[PDB]
>>> print(open('start-v5.json').read())   # JSON, C-alpha atoms
[["chain", "number", "residue", "atom", "x", "y", "z"],
["A", 122, "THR", "CA", 3.78, 26.51, 4.38],
["A", 123, "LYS", "CA", 0.20, 26.62, 3.10],
["A", 124, "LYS", "CA", 1.26, 28.61, 0.03],
["A", 125, "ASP", "CA", 4.37, 26.43, -0.20],
["A", 126, "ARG", "CA", 2.29, 23.24, -0.35],
["A", 127, "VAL", "CA", -0.03, 24.68, -3.01],
["A", 128, "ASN", "CA", 2.87, 26.01, -5.07],
["A", 129, "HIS", "CA", 4.95, 22.84, -4.71],
["A", 130, "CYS", "CA", 2.07, 20.64, -5.86],
["A", 131, "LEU", "CA", 1.24, 23.10, -8.65],
["A", 132, "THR", "CA", 4.91, 23.09, -9.66],
["A", 133, "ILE", "CA", 4.89, 19.30, -10.02],
["A", 134, "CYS", "CA", 1.41, 19.67, -11.54],
["A", 135, "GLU", "CA", 2.67, 21.54, -14.60],
["A", 136, "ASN", "CA", 6.04, 19.76, -14.63],
["A", 137, "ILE", "CA", 4.62, 16.26, -15.12],
["A", 138, "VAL", "CA", 2.16, 17.24, -17.87],
["A", 139, "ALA", "CA", 4.62, 19.47, -19.77],
["A", 140, "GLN", "CA", 7.26, 16.81, -20.34],
["A", 141, "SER", "CA", 8.33, 15.57, -23.77],
["A", 142, "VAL", "CA", 9.13, 11.96, -22.85],
["A", 143, "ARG", "CA", 6.33, 9.90, -21.28],
["A", 144, "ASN", "CA", 7.95, 6.45, -21.17],
["A", 145, "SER", "CA", 11.39, 7.03, -19.64],
["A", 146, "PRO", "CA", 12.12, 4.87, -16.56],
["A", 147, "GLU", "CA", 12.53, 7.97, -14.40],
["A", 148, "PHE", "CA", 9.14, 9.25, -15.60],
["A", 149, "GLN", "CA", 7.34, 6.16, -14.28],
["A", 150, "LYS", "CA", 8.92, 6.59, -10.84],
["A", 151, "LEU", "CA", 8.30, 10.35, -10.88],
["A", 152, "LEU", "CA", 4.67, 9.90, -11.95],
["A", 153, "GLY", "CA", 4.06, 7.57, -9.01],
["A", 154, "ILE", "CA", 5.55, 10.09, -6.58],
["A", 155, "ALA", "CA", 3.56, 12.92, -8.16],
["A", 156, "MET", "CA", 0.41, 10.78, -8.10],
["A", 157, "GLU", "CA", 0.62, 9.81, -4.43],
["A", 158, "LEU", "CA", 1.45, 13.39, -3.43],
["A", 159, "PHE", "CA", -1.83, 14.62, -4.91],
["A", 160, "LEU", "CA", -3.82, 11.99, -3.00],
["A", 161, "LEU", "CA", -1.91, 12.94, 0.16],
["A", 162, "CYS", "CA", -2.49, 16.61, -0.64],
["A", 163, "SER", "CA", -6.16, 15.82, -1.31],
["A", 164, "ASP", "CA", -6.78, 15.60, 2.47],
["A", 165, "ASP", "CA", -5.43, 18.81, 4.00],
["A", 166, "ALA", "CA", -6.88, 21.16, 6.60],
["A", 167, "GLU", "CA", -6.89, 24.13, 4.22],
["A", 168, "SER", "CA", -9.77, 23.86, 1.76],
["A", 169, "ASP", "CA", -8.04, 25.75, -1.05],
["A", 170, "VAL", "CA", -5.22, 23.21, -0.86],
["A", 171, "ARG", "CA", -7.80, 20.51, -1.57],
["A", 172, "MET", "CA", -9.46, 22.12, -4.60],
["A", 173, "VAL", "CA", -5.98, 22.57, -6.07],
["A", 174, "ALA", "CA", -4.64, 19.07, -5.37],
["A", 175, "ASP", "CA", -7.72, 17.38, -6.83],
["A", 176, "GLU", "CA", -7.90, 19.79, -9.78],
["A", 177, "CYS", "CA", -4.35, 18.82, -10.71],
["A", 178, "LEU", "CA", -5.17, 15.21, -9.82],
["A", 179, "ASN", "CA", -7.42, 14.87, -12.87],
["A", 180, "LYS", "CA", -5.54, 17.43, -14.96],
["A", 181, "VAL", "CA", -2.57, 15.06, -14.89],
["A", 182, "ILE", "CA", -4.89, 12.13, -15.59],
["A", 183, "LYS", "CA", -6.53, 13.79, -18.59],
["A", 184, "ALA", "CA", -3.16, 14.64, -20.13],
["A", 185, "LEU", "CA", -1.78, 11.14, -19.47],
["A", 186, "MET", "CA", -5.04, 9.26, -20.11],
["A", 187, "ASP", "CA", -3.50, 7.74, -23.26],
["A", 188, "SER", "CA", 0.26, 7.47, -22.74],
["A", 189, "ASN", "CA", 0.32, 6.20, -19.14],
["A", 190, "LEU", "CA", -3.19, 5.09, -18.15],
["A", 191, "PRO", "CA", -2.04, 1.64, -16.88],
["A", 192, "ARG", "CA", 0.38, 3.38, -14.51],
["A", 193, "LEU", "CA", -2.32, 5.78, -13.32],
["A", 194, "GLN", "CA", -4.70, 2.90, -12.61],
["A", 195, "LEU", "CA", -2.03, 1.16, -10.53],
["A", 196, "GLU", "CA", -1.36, 4.31, -8.50],
["A", 197, "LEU", "CA", -5.06, 5.01, -7.98],
["A", 198, "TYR", "CA", -5.67, 1.44, -6.82],
["A", 199, "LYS", "CA", -2.66, 1.47, -4.49],
["A", 200, "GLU", "CA", -4.35, 4.31, -2.61],
["A", 201, "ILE", "CA", -7.63, 2.40, -2.34],
["A", 202, "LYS", "CA", -5.73, -0.68, -1.16],
["A", 203, "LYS", "CA", -4.37, 1.25, 1.83],
["A", 204, "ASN", "CA", -7.57, 2.18, 3.66],
["A", 205, "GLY", "CA", -6.77, 5.72, 4.80],
["A", 206, "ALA", "CA", -8.43, 9.05, 5.45],
["A", 207, "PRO", "CA", -12.01, 9.31, 4.14],
["A", 208, "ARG", "CA", -11.29, 12.26, 1.84],
["A", 209, "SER", "CA", -8.15, 10.74, 0.29],
["A", 210, "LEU", "CA", -9.66, 7.27, -0.18],
["A", 211, "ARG", "CA", -12.83, 8.67, -1.75],
["A", 212, "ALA", "CA", -10.61, 10.88, -3.91],
["A", 213, "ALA", "CA", -8.82, 7.84, -5.36],
["A", 214, "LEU", "CA", -11.95, 5.68, -5.42],
["A", 215, "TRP", "CA", -14.09, 8.04, -7.51],
["A", 216, "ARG", "CA", -11.29, 8.41, -10.07],
["A", 217, "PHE", "CA", -10.46, 4.71, -10.35],
["A", 218, "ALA", "CA", -14.12, 4.04, -11.16],
["A", 219, "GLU", "CA", -14.07, 6.66, -13.92],
["A", 220, "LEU", "CA", -10.98, 5.15, -15.57],
["A", 221, "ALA", "CA", -12.13, 1.56, -14.95],
["A", 222, "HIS", "CA", -13.73, 1.18, -18.39],
["A", 223, "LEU", "CA", -10.45, 2.13, -20.10],
["A", 224, "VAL", "CA", -8.66, -1.01, -18.86],
["A", 225, "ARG", "CA", -8.02, -3.55, -21.60],
["A", 226, "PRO", "CA", -9.76, -6.94, -21.19],
["A", 227, "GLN", "CA", -6.43, -8.72, -20.68],
["A", 228, "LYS", "CA", -6.00, -6.76, -17.42],
["A", 229, "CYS", "CA", -9.61, -6.87, -16.19],
["A", 230, "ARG", "CA", -9.23, -10.16, -14.30],
["A", 231, "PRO", "CA", -6.16, -9.27, -12.17],
["A", 232, "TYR", "CA", -7.69, -5.92, -11.21],
["A", 233, "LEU", "CA", -11.00, -7.49, -10.15],
["A", 234, "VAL", "CA", -9.24, -10.05, -7.94],
["A", 235, "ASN", "CA", -7.23, -7.32, -6.23],
["A", 236, "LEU", "CA", -10.26, -5.03, -6.00],
["A", 237, "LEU", "CA", -12.63, -7.55, -4.40],
["A", 238, "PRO", "CA", -11.19, -7.05, -0.87],
["A", 239, "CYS", "CA", -11.10, -3.28, -1.43],
["A", 240, "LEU", "CA", -14.81, -3.10, -2.28],
["A", 241, "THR", "CA", -15.75, -5.27, 0.70],
["A", 242, "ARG", "CA", -13.40, -3.43, 3.07],
["A", 243, "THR", "CA", -14.56, 0.02, 1.93],
["A", 244, "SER", "CA", -18.17, -1.03, 2.54],
["A", 245, "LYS", "CA", -17.30, -1.33, 6.25],
["A", 246, "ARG", "CA", -16.26, 2.33, 6.41],
["A", 247, "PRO", "CA", -18.98, 4.18, 8.39],
["A", 248, "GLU", "CA", -18.40, 7.65, 6.88],
["A", 249, "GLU", "CA", -21.42, 8.94, 4.97],
["A", 250, "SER", "CA", -19.08, 10.50, 2.39],
["A", 251, "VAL", "CA", -17.08, 7.33, 1.70],
["A", 252, "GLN", "CA", -20.30, 5.36, 1.22],
["A", 253, "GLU", "CA", -21.59, 7.94, -1.27],
["A", 254, "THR", "CA", -18.40, 7.63, -3.33],
["A", 255, "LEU", "CA", -18.55, 3.83, -3.18],
["A", 256, "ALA", "CA", -22.23, 3.99, -4.14],
["A", 257, "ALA", "CA", -21.11, 5.40, -7.50],
["A", 258, "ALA", "CA", -17.83, 3.49, -7.83],
["A", 259, "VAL", "CA", -19.41, 0.02, -7.64],
["A", 260, "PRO", "CA", -21.65, 0.33, -10.76],
["A", 261, "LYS", "CA", -18.76, 1.71, -12.81],
["A", 262, "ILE", "CA", -16.29, -0.94, -11.63],
["A", 263, "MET", "CA", -18.73, -3.84, -11.97],
["A", 264, "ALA", "CA", -19.77, -2.75, -15.47],
["A", 265, "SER", "CA", -16.12, -3.16, -16.51],
["A", 266, "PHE", "CA", -14.97, -6.02, -14.26],
["A", 267, "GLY", "CA", -18.17, -7.95, -13.47],
["A", 268, "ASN", "CA", -17.96, -10.42, -16.35],
["A", 269, "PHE", "CA", -14.49, -11.49, -15.14],
["A", 270, "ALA", "CA", -15.81, -12.70, -11.77],
["A", 271, "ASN", "CA", -16.39, -16.22, -10.52],
["A", 272, "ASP", "CA", -19.87, -17.18, -9.39],
["A", 273, "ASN", "CA", -18.74, -17.37, -5.76],
["A", 274, "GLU", "CA", -16.87, -14.06, -6.02],
["A", 275, "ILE", "CA", -20.14, -12.27, -6.80],
["A", 276, "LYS", "CA", -21.63, -14.02, -3.77],
["A", 277, "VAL", "CA", -18.81, -12.67, -1.60],
["A", 278, "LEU", "CA", -19.52, -9.08, -2.63],
["A", 279, "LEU", "CA", -23.29, -9.49, -2.32],
["A", 280, "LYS", "CA", -23.02, -10.93, 1.20],
["A", 281, "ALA", "CA", -20.71, -8.06, 2.18],
["A", 282, "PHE", "CA", -23.22, -5.45, 0.98],
["A", 283, "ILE", "CA", -26.27, -7.28, 2.36],
["A", 284, "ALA", "CA", -24.69, -7.02, 5.82],
["A", 285, "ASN", "CA", -25.01, -3.22, 5.50],
["A", 286, "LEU", "CA", -28.77, -3.36, 4.88],
["A", 287, "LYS", "CA", -29.52, -3.14, 8.62],
["A", 288, "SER", "CA", -27.33, -0.07, 9.21],
["A", 289, "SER", "CA", -28.87, 2.97, 10.86],
["A", 290, "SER", "CA", -27.43, 5.46, 8.36],
["A", 291, "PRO", "CA", -29.68, 5.77, 5.28],
["A", 292, "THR", "CA", -26.61, 6.55, 3.17],
["A", 293, "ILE", "CA", -25.06, 3.23, 4.19],
["A", 294, "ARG", "CA", -28.48, 1.58, 3.90],
["A", 295, "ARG", "CA", -28.99, 2.98, 0.38],
["A", 296, "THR", "CA", -25.45, 2.39, -0.90],
["A", 297, "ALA", "CA", -25.81, -1.29, 0.03],
["A", 298, "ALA", "CA", -29.10, -1.57, -1.87],
["A", 299, "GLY", "CA", -27.72, 0.07, -5.01],
["A", 300, "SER", "CA", -24.43, -1.82, -5.01],
["A", 301, "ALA", "CA", -26.04, -5.22, -4.42],
["A", 302, "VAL", "CA", -28.45, -4.79, -7.34],
["A", 303, "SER", "CA", -25.75, -3.38, -9.62],
["A", 304, "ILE", "CA", -23.35, -6.21, -8.77],
["A", 305, "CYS", "CA", -25.87, -8.78, -10.01],
["A", 306, "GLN", "CA", -26.71, -6.69, -13.08],
["A", 307, "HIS", "CA", -23.09, -6.71, -14.32],
["A", 308, "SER", "CA", -22.33, -10.35, -13.48],
["A", 309, "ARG", "CA", -22.01, -13.23, -15.94],
["A", 310, "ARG", "CA", -25.18, -15.04, -14.81],
["A", 311, "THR", "CA", -27.46, -12.04, -14.43],
["A", 312, "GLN", "CA", -30.68, -14.06, -14.18],
["A", 313, "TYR", "CA", -29.18, -16.58, -11.75],
["A", 314, "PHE", "CA", -27.99, -13.88, -9.34],
["A", 315, "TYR", "CA", -31.29, -12.01, -9.67],
["A", 316, "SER", "CA", -33.03, -15.12, -8.35],
["A", 317, "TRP", "CA", -30.22, -15.71, -5.84],
["A", 318, "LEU", "CA", -30.53, -12.16, -4.51],
["A", 319, "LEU", "CA", -34.33, -12.30, -4.55],
["A", 320, "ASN", "CA", -34.60, -15.31, -2.23],
["A", 321, "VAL", "CA", -31.85, -13.98, 0.05],
["A", 322, "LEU", "CA", -33.70, -10.67, 0.40],
["A", 323, "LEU", "CA", -36.99, -12.54, 0.83],
["A", 324, "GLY", "CA", -35.42, -14.90, 3.37],
["A", 325, "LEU", "CA", -34.48, -11.84, 5.40],
["A", 326, "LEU", "CA", -38.18, -10.93, 5.74],
["A", 327, "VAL", "CA", -40.38, -13.80, 4.45],
["A", 328, "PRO", "CA", -40.88, -14.91, 8.09],
["A", 329, "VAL", "CA", -43.43, -12.10, 8.13],
["A", 330, "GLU", "CA", -45.06, -12.88, 11.48],
["A", 331, "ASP", "CA", -41.80, -12.74, 13.44],
["A", 332, "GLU", "CA", -40.34, -9.37, 14.39],
["A", 333, "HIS", "CA", -37.89, -7.68, 12.02],
["A", 334, "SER", "CA", -35.75, -4.60, 12.58],
["A", 335, "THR", "CA", -37.22, -1.47, 11.02],
["A", 336, "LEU", "CA", -33.73, -0.63, 9.74],
["A", 337, "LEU", "CA", -33.52, -4.03, 8.03],
["A", 338, "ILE", "CA", -37.03, -3.64, 6.59],
["A", 339, "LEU", "CA", -36.14, -0.30, 5.01],
["A", 340, "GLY", "CA", -32.90, -1.69, 3.59],
["A", 341, "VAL", "CA", -34.51, -4.72, 1.96],
["A", 342, "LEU", "CA", -37.53, -2.82, 0.63],
["A", 343, "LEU", "CA", -35.18, -0.34, -1.05],
["A", 344, "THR", "CA", -33.08, -3.17, -2.52],
["A", 345, "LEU", "CA", -36.17, -4.76, -4.07],
["A", 346, "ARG", "CA", -37.14, -1.40, -5.56],
["A", 347, "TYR", "CA", -33.74, -1.22, -7.26],
["A", 348, "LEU", "CA", -34.15, -4.82, -8.46],
["A", 349, "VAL", "CA", -37.74, -4.68, -9.74],
["A", 350, "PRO", "CA", -36.97, -2.79, -13.01],
["A", 351, "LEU", "CA", -34.16, -5.23, -13.86],
["A", 352, "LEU", "CA", -36.54, -8.20, -13.45],
["A", 353, "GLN", "CA", -38.55, -7.12, -16.53],
["A", 354, "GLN", "CA", -36.82, -9.81, -18.61],
["A", 374, "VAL", "CA", -32.45, -20.59, -13.47],
["A", 375, "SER", "CA", -34.32, -17.30, -13.10],
["A", 376, "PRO", "CA", -36.70, -15.59, -10.65],
["A", 377, "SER", "CA", -40.04, -17.40, -10.66],
["A", 378, "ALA", "CA", -43.61, -16.18, -10.35],
["A", 379, "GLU", "CA", -43.69, -17.67, -6.85],
["A", 380, "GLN", "CA", -40.77, -15.45, -5.80],
["A", 381, "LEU", "CA", -42.29, -12.37, -7.43],
["A", 382, "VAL", "CA", -45.71, -12.86, -5.83],
["A", 383, "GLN", "CA", -43.93, -13.34, -2.49],
["A", 384, "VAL", "CA", -42.32, -9.92, -2.96],
["A", 385, "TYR", "CA", -45.72, -8.43, -3.78],
["A", 386, "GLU", "CA", -47.21, -10.01, -0.65],
["A", 387, "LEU", "CA", -44.29, -8.68, 1.39],
["A", 388, "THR", "CA", -44.94, -5.18, 0.05],
["A", 389, "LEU", "CA", -48.66, -5.27, 0.86],
["A", 390, "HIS", "CA", -48.03, -6.36, 4.46],
["A", 391, "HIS", "CA", -45.49, -3.61, 5.13],
["A", 392, "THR", "CA", -47.82, -0.84, 3.96],
["A", 393, "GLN", "CA", -49.67, -1.51, 7.23],
["A", 394, "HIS", "CA", -46.57, -0.86, 9.36],
["A", 395, "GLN", "CA", -46.57, 1.78, 12.09],
["A", 396, "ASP", "CA", -43.38, 3.57, 11.01],
["A", 397, "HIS", "CA", -44.17, 6.05, 8.24],
["A", 398, "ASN", "CA", -40.65, 5.50, 6.87],
["A", 399, "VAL", "CA", -41.46, 1.81, 6.39],
["A", 400, "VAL", "CA", -44.89, 2.69, 4.97],
["A", 401, "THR", "CA", -43.41, 5.11, 2.45],
["A", 402, "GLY", "CA", -40.53, 2.73, 1.75],
["A", 403, "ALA", "CA", -42.86, -0.15, 0.89],
["A", 404, "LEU", "CA", -45.25, 2.13, -1.01],
["A", 405, "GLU", "CA", -42.35, 3.24, -3.22],
["A", 406, "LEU", "CA", -41.61, -0.42, -3.96],
["A", 407, "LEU", "CA", -45.28, -1.06, -4.72],
["A", 408, "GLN", "CA", -45.39, 1.65, -7.38],
["A", 409, "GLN", "CA", -42.08, 0.42, -8.82],
["A", 410, "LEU", "CA", -43.70, -3.01, -9.15],
["A", 411, "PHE", "CA", -46.68, -1.52, -10.98],
["A", 412, "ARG", "CA", -44.61, 0.79, -13.21],
["A", 413, "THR", "CA", -42.36, -2.00, -14.56],
["A", 414, "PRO", "CA", -44.07, -5.27, -13.59],
["A", 415, "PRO", "CA", -42.31, -8.54, -14.39],
["A", 416, "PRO", "CA", -44.44, -10.44, -16.92],
["A", 417, "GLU", "CA", -44.95, -13.47, -14.68],
["A", 418, "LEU", "CA", -46.20, -11.34, -11.78],
["A", 419, "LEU", "CA", -48.36, -9.17, -14.05],
["A", 420, "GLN", "CA", -50.23, -12.22, -15.34],
["A", 421, "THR", "CA", -50.80, -13.35, -11.75],
["A", 422, "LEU", "CA", -51.98, -9.91, -10.60],
["A", 423, "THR", "CA", -54.47, -9.66, -13.48],
["A", 424, "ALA", "CA", -55.93, -13.18, -13.45],
["A", 425, "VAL", "CA", -59.23, -13.53, -11.60],
["A", 426, "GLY", "CA", -57.71, -16.28, -9.52],
["A", 427, "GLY", "CA", -54.22, -14.87, -9.19],
["A", 428, "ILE", "CA", -52.59, -16.01, -5.96],
["A", 429, "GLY", "CA", -55.18, -18.58, -4.85],
["A", 430, "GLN", "CA", -53.80, -20.93, -7.50],
["A", 431, "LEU", "CA", -50.26, -20.41, -6.18]]
>>> encode(input="start-v5.json", output="structure tokens")
Amino acid sequence: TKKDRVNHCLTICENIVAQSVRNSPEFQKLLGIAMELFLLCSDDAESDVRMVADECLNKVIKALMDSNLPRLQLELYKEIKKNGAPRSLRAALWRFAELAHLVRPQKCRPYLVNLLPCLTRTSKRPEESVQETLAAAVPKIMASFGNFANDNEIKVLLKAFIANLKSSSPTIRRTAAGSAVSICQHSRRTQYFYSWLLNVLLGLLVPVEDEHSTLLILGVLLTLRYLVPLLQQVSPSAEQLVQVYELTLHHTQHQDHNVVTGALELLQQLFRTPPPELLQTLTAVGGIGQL
């Protein structure tokens, strides 16, 4: 049935694209069935089945990217809504992000509301392949839906991703850092959330003397490194920035070389693109003694 499954999907692959009418009521139902079959066929034991299902997954999308994009977005999201197999979810997730920017502004608010639980729920998935897909899907989705989000809604997503900063897996620990920074970058109040994220990240480590998990230290230090370039112009203050610089200097003396190299990377990111308030402090003869 291996050849049957490939041929059957390939049969519906060419059938749906080579069809004169693209708005008949039967076409909408048939497109949904054809869509979900490809996602289902995207997670099969035979590898060649998978490179055929996904190849026709976007071949149908490219052909119908103009006539029936709203229907394709609904079908792609319906797969993400049902948290399923890692290969099928990440197959729908990485395509929904690509077509996210083609949604008209009148439909960007309902999608964001429905997609907020999906982004939080998918962050809990421990697979290192799902996290990699979500690491790329969040910047694309936020860049198209971020401005339609309430101030508390951004806080919900940030708190969900911050909880993954202490994970053992670097892929989970790096996806959380990238997504958290990118969520703030594409929000309405970019400067407000930059300061809001900065104190939250600092509050996770600013009790310097007390013990902190090495996993948490690596997660926060990476998040600051992703946030430093975007701080180059309420808003983050020179007191917050100098606190980050002091946090970096302390952690270069850690025992774990991963922490040492993690903080050292942040230190060079600070010096490559220094925020103007911190740069004035670091260059003044009395720089931090005044503060």
>>> residues_around(input="start-v5.json", residues="region 194-206 of chain A", least_positions_apart="6", cutoff="8 Å", atoms="all atoms listed in the file", output="ChimeraX atom specification")
/A:153,156-157,160,164,213-214,216-217,220-221,236,239,243
>>> atom_distance(input="start-v5.json", atom1="CA of residue 140 (chain A)", atom2="CA of residue 232 (chain A)")
28.7 Å
>>> atom_distance(input="start-v5.json", atom1="CA of residue 382 (chain A)", atom2="CA of residue 292 (chain A)")
28.7 Å
>>> residues_around(input="start-v5.json", residues="residue 414 (chain A)", least_positions_apart="2", cutoff="10 Å", atoms="only C-alpha atoms", output="PyMOL selection string")
chain A and resi 349-354+381+407-412+416-420+422
>>> atom_distance(input="start-v5.json", atom1="CA of residue 192 (chain A)", atom2="CA of residue 226 (chain A)")
15.9 Å
>>> residues_around(input="start-v5.json", residues="region 172-189 of chain A", least_positions_apart="3", cutoff="9 Å", atoms="all atoms listed in the file", output="MDAnalysis selection string")
chainID A and resid 127 130:131 134:135 137:138 143:144 149 156 158:164 168:169 192:194 212 216 220 223
>>> residues_around(input="start-v5.json", residues="residue 272 (chain A)", least_positions_apart="4", cutoff="10 Å", atoms="only C-alpha atoms", output="list in words")
residues 268, 276, 277, 308, 309, 310, 313 and 314 of chain A
>>> closest_residue(input="start-v5.json", among="A:374, A:343, A:425, A:255", to="residue 302 (chain A)", atoms="all atoms listed in the file")
A:343
>>> closest_residue(input="start-v5.json", among="A:222, A:211, A:246, A:391", to="residue 263 (chain A)", atoms="only C-alpha atoms")
A:222
